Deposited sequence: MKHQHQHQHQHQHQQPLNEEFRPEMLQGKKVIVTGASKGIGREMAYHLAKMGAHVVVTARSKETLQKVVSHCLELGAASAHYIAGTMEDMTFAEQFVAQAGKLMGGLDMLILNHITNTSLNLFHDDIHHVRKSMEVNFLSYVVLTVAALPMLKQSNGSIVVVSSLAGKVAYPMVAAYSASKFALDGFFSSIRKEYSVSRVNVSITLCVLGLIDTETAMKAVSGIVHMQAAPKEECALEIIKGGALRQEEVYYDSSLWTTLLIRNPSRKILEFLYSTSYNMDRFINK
């Protein structure tokens, strides 16, 4: 159930977020916005020298507080422990924003199984492990998990097979536990963000060789959705998608199945 207010920067002030993939692009902007709202941010990325710059410029923008921990999400242990640390560092946690991904480029898929596996590992399994680790704290606070996905995690695009596989997976997994949290009275929201082409560095480089959209706002929308506990956010420069992307039938089928079968079965 979305909080039925409208968004206001106040909602974030004093709140204990975590952004991953915060060293650049969308993730970075998010830490900043968070900063401008006076959140306790705890950033993360592989780039340790760069994280500092970001933390530092977050304190400059107004953060209640701001730290970074640098690790690779290829590593499940790092991911798990990371969350504990960001905990102690911030004295609990209100919001897990899960944004990072492994590198990829635009190519037909031919036989790089290793790239498929790694994409699943970094883009998906790590998100879960982050999740499992962070759930306890979030229960205490009735917090939120925000998950950054893409049009290509809703509809099919060539040249990004591995990456799509992993974005879909996020939908499947997280929508599913959303059903579960609900039939279990576990009061943690989960927001899935579906983004179109955004003007990050990485994206602009790979496509340079379509209309992109402003990374500053995209990041703000992500934060709004999360704050308002919406199930979903759509953010694309086009106006067909925002309207054609939503799946009313899916919603109907879920409704039917949910109100027709207790889940109190066990």
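Deposited residues without C-alpha coordinates, grouped into stretches that follow sequence order: According to the deposited record, C-alpha coordinates are absent for 1 to 14, 224 to 226, 284 to 286, which together make up the missing parts.
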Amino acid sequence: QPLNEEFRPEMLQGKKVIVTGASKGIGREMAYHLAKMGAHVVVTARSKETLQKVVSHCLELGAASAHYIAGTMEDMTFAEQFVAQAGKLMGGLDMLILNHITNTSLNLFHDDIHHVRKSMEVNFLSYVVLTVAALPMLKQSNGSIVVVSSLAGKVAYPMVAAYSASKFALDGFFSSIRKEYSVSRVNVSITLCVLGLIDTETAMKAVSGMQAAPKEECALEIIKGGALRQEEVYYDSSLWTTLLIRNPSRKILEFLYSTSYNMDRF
From here on, numbers count along this sequence of modelled residues.
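The term rigid core refers to the most C-alpha atoms you can superpose between the two forms while keeping them within 1.5 Å.
Between 226 to 234 and 199 to 207, where do the CA atoms move more in 7 other deposited structures of this protein, taking the root mean square over the structures and residues after a core fit? Larger mean C-alpha displacement, comparing 226 to 234 and 199 to 207 in 7 other deposited structures of this protein, is found in 199 to 207.
Output the stretch, either 41 to 49 or 235 to 243, that has more C-alpha displacement from this form in 7 other deposited structures of this protein following superposition by the rigid core. Farther from the shown form on average in 7 other deposited structures of this protein: 235 to 243.
Determine, for stretches 175 to 183 and 158 to 166, which one has the higher mean CA B-factor as deposited. For C-alpha atoms only, the mean B-factor is higher in 175 to 183.
Would you mind comparing 186 to 194 and 115 to 123 for me and telling me which has the higher average C-alpha temperature factor in the entry? Mean B over CA atoms: larger for 186 to 194.
Per the PDB entry, which option out of 152, 90, 147, 128 has the greatest Cα B factor? Result of the comparison over 152, 90, 147, 128: 90.
Split the chain's modelled residues into thirds by Cα B-factor; is residue 54 in the lowest, middle or highest one? Ranked within chain, residue 54 CA B lands in the highest tercile.
Which third, lowest, middle or highest, does the CA B-factor of residue 81 fall in along this chain? As the PDB entry reports it, the C-alpha B-factor of residue 81 lands in the middle third of its chain.
When the deposited Cα B-factors of this chain's modelled residues are ordered and cut into thirds, is residue 73 in the lowest, the middle or the highest one? As the PDB entry reports it, the C-alpha B-factor of residue 73 lands in the lowest third of its chain.
If you rank the chain by CA B-factor, which third does residue 61 end up in: lowest, middle or highest? Answer is highest: the recorded C-alpha B-factor places it there.
What third of the chain, by the recorded C-alpha B-factor, contains residue 201? Bottom third by C-alpha B-factor.
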